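Positions of Cβ are backbone-derived with ideal geometry, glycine not excepted, and every protein chain shown enters the neighbour counts. Derivation of every value follows stated rules applied to the coordinates shown; laboratory data play no part.
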2 protein chains.
Amino acid sequence: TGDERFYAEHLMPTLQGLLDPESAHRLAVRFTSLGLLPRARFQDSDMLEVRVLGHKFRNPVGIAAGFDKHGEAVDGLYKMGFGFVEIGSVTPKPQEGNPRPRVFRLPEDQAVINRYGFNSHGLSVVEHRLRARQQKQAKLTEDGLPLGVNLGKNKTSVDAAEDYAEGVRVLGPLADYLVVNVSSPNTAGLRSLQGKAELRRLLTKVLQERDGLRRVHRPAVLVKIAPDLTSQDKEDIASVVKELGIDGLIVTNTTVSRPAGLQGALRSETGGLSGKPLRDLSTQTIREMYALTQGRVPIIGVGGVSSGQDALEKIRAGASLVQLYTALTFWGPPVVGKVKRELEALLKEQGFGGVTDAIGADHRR
Amino acid sequence: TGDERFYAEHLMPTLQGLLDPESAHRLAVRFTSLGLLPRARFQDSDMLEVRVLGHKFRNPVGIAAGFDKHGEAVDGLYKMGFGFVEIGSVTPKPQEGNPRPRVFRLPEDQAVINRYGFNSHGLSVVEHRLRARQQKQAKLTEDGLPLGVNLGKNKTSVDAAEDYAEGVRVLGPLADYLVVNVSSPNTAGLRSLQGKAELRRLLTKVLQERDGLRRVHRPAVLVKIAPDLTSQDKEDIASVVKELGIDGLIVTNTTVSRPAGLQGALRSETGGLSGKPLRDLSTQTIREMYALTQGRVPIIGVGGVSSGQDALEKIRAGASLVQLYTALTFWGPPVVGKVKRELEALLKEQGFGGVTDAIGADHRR
Ligand SMILES: Cc1cc2nc3c(=O)[nH]c(=O)nc-3n(C[C@H](O)[C@H](O)[C@H](O)COP(=O)(O)O)c2cc1C
Ligand SMILES: Cc1cc2nc3c(=O)[nH]c(=O)nc-3n(C[C@H](O)[C@H](O)[C@H](O)COP(=O)(O)O)c2cc1C
Ligand SMILES: Nc1nc(-c2nn(Cc3ccccc3F)c3ncccc23)ncc1C1CC1
Ligand SMILES: Nc1nc(-c2nn(Cc3ccccc3F)c3ncccc23)ncc1C1CC1
Ligand SMILES: O=c1cc(C(O)O)[nH]c(=O)[nH]1
Ligand SMILES: O=c1cc(C(O)O)[nH]c(=O)[nH]1
Ligand SMILES: [Cl-]
Ligand SMILES: [Cl-]
Ligand SMILES: [Cl-]
Ligand SMILES: [Cl-]
């Protein structure tokens, strides 16, 4: 398309130059929520349909958490062409997060570093926002466009598990799936929730709250993990997920690692790294978790997806769905249609009947 | 093409199943040398032409060292569609290398582990082989199809620098470029040639021998490095390469690392790992070396290239040319035309006039 080229060559270089990343983010959210951006042209083919998590997905490409933190742009994001939308992370009480600047571009690496620190309007505000369009979402979901809600915890919380339990009770009834985010690099102590007995205790509590919701309001529960886990950590997570019957995994969050070869001036900023440098570290985590779970636990693959090949690599590694975020900050909305078009071409090329046939195909070689 | 699909879906799964990798290799070399494989269909466009190392390259996609170790299949490889051919590694005296098995497939990872150990017919045999077609090569080179020779050292050599000097004197006059391979993981002590004063002493000697050849027989000298270098190692190599006026770098050899997430049963075999798991580790090394050399030293990018996107990522990171090997063992000869066709499409897509415009483009973002 000419739009892909217009955005990538002209508009995106200009806007990102004039505005700091966080300003860009806020403007992007505003434009999306007002529906100002033109409606995506790409007609979703039947090849791209996926059935997973007790839902139909019209296409396997979603927007990752962190873009629409407060649920302000859901309808605009579906219009952008995403097959599903994940909002959040949402914390129980409102909190401002870290002081600015707290987001950084690494253009030379097609990467971003962020330390937002779970800035959130809080459960009550998001609850009311989602309630305003609850029935609209019900029809979208039935038409193959589900909604995920990513739950966080407050910085000063004295009981992580009760923060997540509050989230389940408040936003669980408005979600097709919930994400327990145990993988933010920017909240002190949080990733230690990924340890065995602690994780078991936490997810037991989350799942009990979930099971206590009425049937039509009962979401799937996923756990989102970091790319920086040890082999022991991953074995433990796999073990717990299967013991408790967690519905799926999101793989992965941003990395606190700094891979060799980063060129960006801001590469030594504190925070989670996203985008291209994360891609193959995300894909290798997907591959391991798929194998550890015997292919029986749905994975949403995320980390450095900006092409059909990126997406299909994650799918073949074991992902049933993929998300992206960082690629939008470089290529803008046209990237969504680009990834789907390329993915469809590659599936035909490699002799797959659809996305579903490609899921985990690398493990059957 | 239907051939790409035929090879990838039917033929390659079958052959690699019936034969052990080394048997496959030997058969592949035999078929190639006999010209039995059909002539590549892809018409090389002007966009793909590159001028570097004092030569025109009709396309930027070459065959990496290790496939045609003894210079037996050069003409078959040009027929396959490669823009340049690198033979070797060649050691001064013949040697058998390690005991079999010494090559292993990791199908689930699209990877290979090898510990051949510089099996070589030796300089004299290769010299005579190349002399038999010297004038044929002269015309190929003038038509944009250069020939590289990769030099190794004998296992029992007591003077590494004299081994490389012998190679320069014997095969240098038959080569468009020579590669000093200081990066094999399978010869004891070899990668320690990448240290500062040792490397300086070695390359000073190589370059003196090179400069002593007659002008029409005077090749470019490149150094091939491992992906497993420390930041100190890379700084030192960059420094030496610029001090001595080394003509270019090949980046990278196979890795002795085992990235997290390898699934192959044979992942704990000793040797160098190649293919997809090496891809982003190769690309990040290219990116660093390009920056350390201020973009003034040509790089041949190699490691896990099996697509146009893989190739263009290396080019944008700083590679003037790319090589592949491992992708052939999975997709067969059609992969060559595939990479070139996809590369050409991506260049147009991203608004590059040709390969030359894309070289190092990530560093100018
Ligand atoms: C600015 C920013 C904010 C993010 N905020 C969240 C968040 O609140 N919750 C979460 O689970 N992940 C968050 N993420 C992580 C993304 O959801 C995603 O896992 C990661 O960025 C990798 O995908 P990408 O490389 O396509 O960006 C954030 C990422 C970025 C760049
Ligand atoms: C079986 C095998 C043998 C190789 N032999 C050599 C060699 O003799 N000299 C050399 O410089 N590199 C050698 N290599 C490394 C390749 O030239 C290349 O650097 C590496 O395989 C990464 O490219 P690839 O991932 O496309 O295979 C060999 C690789 C393989 C797989
Ligand atoms: N720096 C960022 N940029 C973007 C971002 N920009 N644009 C282009 C753009 C289009 C229209 C109006 C204004 C625009 F900025 C986006 N379009 C679609 C989705 C998201 C974006 N999102 C997040 C961040 C930072 C937290 C990391
Ligand atoms: N296992 C390997 N396989 C191959 C390999 N196979 N084929 C297919 C094939 C085609 C025709 C006749 C026989 C064939 F095997 C190749 N075609 C073109 C180039 C190279 C190949 N090369 C190397 C290795 C091992 C050292 C790593
Ligand atoms: O999960 C998360 C949360 C944040 C944040 O800073 O709010 N950042 C990330 O990269 N991942
Ligand atoms: O440079 C080299 C040499 C060999 C070999 O085992 O002969 N293997 C590699 O992977 N790289
Ligand atoms: Cl009830
Ligand atoms: Cl630094
Ligand atoms: Cl003379
Ligand atoms: Cl093992």
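Some observations on this one:
- Among the numbered conditions (1) closer than 25 Å to A:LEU266 by Cβ; (2) surrounded by fewer than 21 Cβ atoms within 10 Å (Cβ to Cβ), the only one that A:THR141 does not meet is (1).
- Test result for B:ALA138, more than 14 Å from chain A (Cβ to nearest Cβ) and either farther than 29 Å from A:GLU313 by Cα or within 12 Å of ligand 4 (Cβ to nearest atom) (or both): yes
- 3 or more residues under 17 Å from the mean Cα position of the chain (by Cα) and under 21 Å from B:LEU145 (Cα atoms): qualifying strands (runs of 3 or more DSSP E) within region B:2-85: B:61-63
- Index of the failed condition, A:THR91 passing every other in (1) under 25 Å from A:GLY264 (Cα atoms); (2) buried (at least 24 other Cβ atoms within 10 Å of the Cβ): (1)
- Residues (within 14 Å of chain A (Cβ to nearest Cβ) and either without any contact (Cβ under 8 Å) to a residue 40 or more places away in the chain or crowded, with 23+ Cβ neighbours inside 10 Å (or both)) located in region B:106-119: B:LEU106, B:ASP109, B:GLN110, B:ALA111, B:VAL112
- Number of the condition not met by A:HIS363 [criteria: (1) within 14 Å of ligand 1 (Cβ to nearest atom); (2) touching a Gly at 6+ places or on another chain (Cβ under 7 Å)]: (1)
- For region B:280-295, filtering for residues that are part of a loop (DSSP other than H, G, I, E, B) and out of contact with any strand residue (DSSP E or B) (no Cβ under 9 Å at 6 or more places or on another chain) leaves 2.
- Per-region count, region B:265-279, residues outside any strand (DSSP E or B) and either within 8 Å of chain A (Cβ to nearest Cβ) or crowded, with 22+ Cβ neighbours inside 10 Å (or both): 4
- Of the set (1) within 16 Å of ligand 2 (Cβ to nearest atom); (2) without any contact (Cβ under 8 Å) to a residue 60 or more places away in the chain; (3) in contact with a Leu (Cβ under 8 Å, 6 or more places away or on another chain), all apply to B:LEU151 but (2).
- Screening the candidates B:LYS234, B:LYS242 for the property of being within 14 Å of another protein chain (Cβ to nearest Cβ) and in a helix (DSSP H, G or I) yields one hit, B:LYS234.
- Filter result for the condition that a residue is of a type in the set (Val, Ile, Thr), away from ligand 4 (no atom under 16 Å from the Cβ) and more than 21 Å from A:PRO334 (Cβ to Cβ), over A:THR1, A:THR14, A:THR91, A:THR32: A:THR91
- Counting only residues that are under 17 Å from A:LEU324 (Cα atoms) and within 12 Å of chain B (Cβ to nearest Cβ), region A:283-302 holds 4 of them.
- Look at (1) farther than 30 Å from A:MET289 by Cα; (2) within 12 Å of chain A (Cβ to nearest Cβ); (3) of a type in the set (D, E, K, R) and you find that B:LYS224 fails only one, number (2).
- Members of region B:37-62 found to be within 17 Å of B:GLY308 (Cβ to Cβ) and small (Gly, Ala, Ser), listed by number: B:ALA40, B:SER45, B:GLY62
- Within region B:314-345, tally of residues that are within 14 Å of chain A (Cβ to nearest Cβ), surrounded by 20 or more Cβ atoms within 10 Å (Cβ to Cβ) and away from ligand 4 (no atom under 16 Å from the Cβ): 6
- Selection of region B:1-56 for residues being touching a strand residue (DSSP E or B) at 6+ places or on another chain (Cβ under 9 Å), among the hydrophobic types (A, V, I, L, M, F, W, C) and more than 28 Å from B:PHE118 (Cβ to Cβ) yields B:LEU48, B:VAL50.
- Here the helices (runs of 4 or more DSSP H) wholly within region A:296-365 that include at least 1 residues being closer than 21 Å to A:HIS55 by Cα are A:308-317, A:334-349, A:355-358.
- Residue match in region B:247-264 (condition: closer than 23 Å to B:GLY62 by Cα, of a type in the set (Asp, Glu) and more than 14 Å from chain A (Cβ to nearest Cβ)): yes
- Consider region A:7-59 and keep the residues that are within 14 Å of chain B (Cβ to nearest Cβ) and free of Cβ contacts under 8 Å to residues at least 24 places away in the same chain. The one that is surrounded by the most Cβ atoms within 10 Å (Cβ to Cβ) is A:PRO13.
For (1) among the small types (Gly, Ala, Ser); (2) at negative phi; (3) more than 10 Å from ligand 1 (Cβ to nearest atom), each residue gets a yes or a no:
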residue	(1), (2), (3)
A:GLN284	no, yes, yes
A:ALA291	yes, yes, yes
A:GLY295	yes, no, yes
A:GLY308	yes, yes, yes
A:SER320	yes, yes, yes
A:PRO334	no, yes, yes
A:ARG341	no, yes, yes
